[PDB]
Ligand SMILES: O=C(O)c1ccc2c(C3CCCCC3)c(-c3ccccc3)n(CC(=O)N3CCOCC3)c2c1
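This document starts with one chain, in the form solved without this ligand, laid out as structure tokens.
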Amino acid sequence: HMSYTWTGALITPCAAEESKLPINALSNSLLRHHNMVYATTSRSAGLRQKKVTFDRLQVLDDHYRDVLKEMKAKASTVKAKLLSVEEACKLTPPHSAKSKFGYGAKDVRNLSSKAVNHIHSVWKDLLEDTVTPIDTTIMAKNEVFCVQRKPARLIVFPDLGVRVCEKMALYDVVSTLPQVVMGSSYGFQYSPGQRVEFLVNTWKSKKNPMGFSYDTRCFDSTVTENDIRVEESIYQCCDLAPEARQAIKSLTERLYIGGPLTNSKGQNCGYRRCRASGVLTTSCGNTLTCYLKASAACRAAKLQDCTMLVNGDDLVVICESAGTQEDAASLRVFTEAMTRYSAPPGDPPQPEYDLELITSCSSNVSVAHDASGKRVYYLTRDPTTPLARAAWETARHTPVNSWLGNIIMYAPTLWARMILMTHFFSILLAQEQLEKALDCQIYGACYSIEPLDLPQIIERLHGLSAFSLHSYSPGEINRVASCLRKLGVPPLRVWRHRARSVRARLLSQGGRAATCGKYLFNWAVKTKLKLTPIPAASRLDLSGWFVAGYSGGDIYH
């Protein structure tokens, strides 16, 4: 029961990889300490392999089977359809890794018959054969961080023809089943506004609130063949076409349970018997499996009135406190149960009696005040990683714009409004690229977004209070400040000053550009405008957003 076995062949890059922050004319206006920012490369893949390779033991008790029976009972109420070749093709990102069989993501989106002819044959092969392990490519992720140095994460994904077949069999299931099985506990149904509402409401619905986040060590690595067969048995409870049942059975045996790892050069690196990071079912399976283990571990622990919020491997529990030592006892039991279930912790959990101190989906609840003085709650984070990545994206064009995703999801935050919006609107102005659509990743799915729709997207995700927030908390204001001192970012009076400029230049241009200046930078002037609902905002089609997670699922909406 080893997560992985290795041949000794190295995980190879396909293009050269920069580990050091690229510098341009713009870099120093955002960040001075360039030595603090790095990107992970293949060079560290060996250390990741070490970290993720271990023996899993799993001990499964009545709590585990009682929760699973309940989950399957809900799964039975789900009906899911097959997607046609065309539908699945249209879900393929333009930028998506090309097929080994001589065709690419754009050929797939075009419905070019060489692509579609292959896909039909991969599909046919899935129905006929249910035993033959499907090839995966193993690559090192290039992601940017601040030093404190992390090894590259491993992405494992099958060929583009298989990925389109996964969509035909399972897109509708992984879109619809998780909300039916987990109800309000399924995190990816929530906009950031909806998520802060659920957390705060959940917290207040307790007499004596206690909550903790649960950090599983390398959760993909802790997922067993058992866990992956249990997931397929949940999928199989749905009312499915028999062609769909056959495909899900085949993809489970041949791809999801495990299979061989090939590097960029086409050499054999070893064998996987855990979760693939890069398949359609990674989000949904992690979320189901985390919810099953954690739900059963709650019952073991005798946590009273448990509310859970689960996003893939990211887990928050809020429950009734039974005093501090009782709570501390509960959490150790909780941890023993998760360990037996093969989800041992990274940091051991800590009970918390202040909601603002709980981190879940890399975010904490904080509080500011809107126009009318009224307290509004919002999600924020330490902005160290988002700014490190903004620095890197200032000097290199990346196909996913972390800064755009971070503006959309953290729009109400001091740091997103003062730094990210100021910095990136100045760049789009100087290049006159306000009207040029950018790809960004929300809950793993890729979206093409026009920056000039940002005010409308922000009203819909967060409400109009996102444009009027002030009197951020002492503790939020400190963490922003300490991060700027760390990264050598200019102070927030410099950003206010810059934003007055950007605001002025955006109003200059009228149309949506003016709206952007009105709404995004109202905070920068003291003689404030009165901000009121945007007309084009309820025209925006935000169905597809906050339905489901698709991390590593190759999904474009």
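Residue numbers here begin at 1 and follow the sequence given. For the two forms, the rigid core is made up of the largest set of C-alpha atoms that agree within 1.5 Å on superposition.
Separately, the form deposited with this ligand bound exists; it is not shown, and the next lines address it.
- Backbone and C-beta atoms of the displayed form come within 2.4 Å of three or more atoms of this ligand after its pose in the bound PDB entry is superimposed, which defines the site as blocked.
- Within 4.5 Å of any heavy atom of this ligand in the bound PDB entry lies no heavy atom of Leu68.
- This ligand in the bound PDB entry is approached by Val37, whose closest heavy atom lies within 4.5 angstroms of it.
- Using a 4.5 Å cutoff between non-hydrogen atoms, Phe424 counts as a contact of this ligand in the bound PDB entry.
- This ligand in the bound PDB entry comes within 4.5 Å of no heavy atom belonging to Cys516.
- Think of it this way: in the bound PDB entry, this ligand has a heavy atom of just one of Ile138, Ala388, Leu255, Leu177 within 4.5 Å, and the residue is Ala388.
- Think of it this way: in the bound PDB entry, this ligand has a heavy atom of just one of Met338, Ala75, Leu420, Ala80 within 4.5 Å, and the residue is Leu420.
- Highlighted residues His120, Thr130 and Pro242: none comes within 4.5 Å of this ligand in the bound PDB entry, counting any heavy atom.
- With this ligand omitted here, the record of contacts in the bound PDB entry names 481-489 of 481-489, 230-238, 428-436, 103-111, defined by a heavy atom within 4.5 Å.
- Just one of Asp453, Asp107, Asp314, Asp327 moves its Cα by 2 Å or more between this form and the one not shown on a rigid core overlay, and this residue is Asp453.
- In a rigid-core overlay of the protein, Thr77 has its C-alpha displaced by under 2 Å between this form and the one not shown.
- Relative to the superposed rigid core, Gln509 undergoes a CA displacement of at least 2 Å between this form and the one not shown.
- Put the two forms on the same core and the Cα of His470 is off by less than 2 Å between this form and the one not shown.
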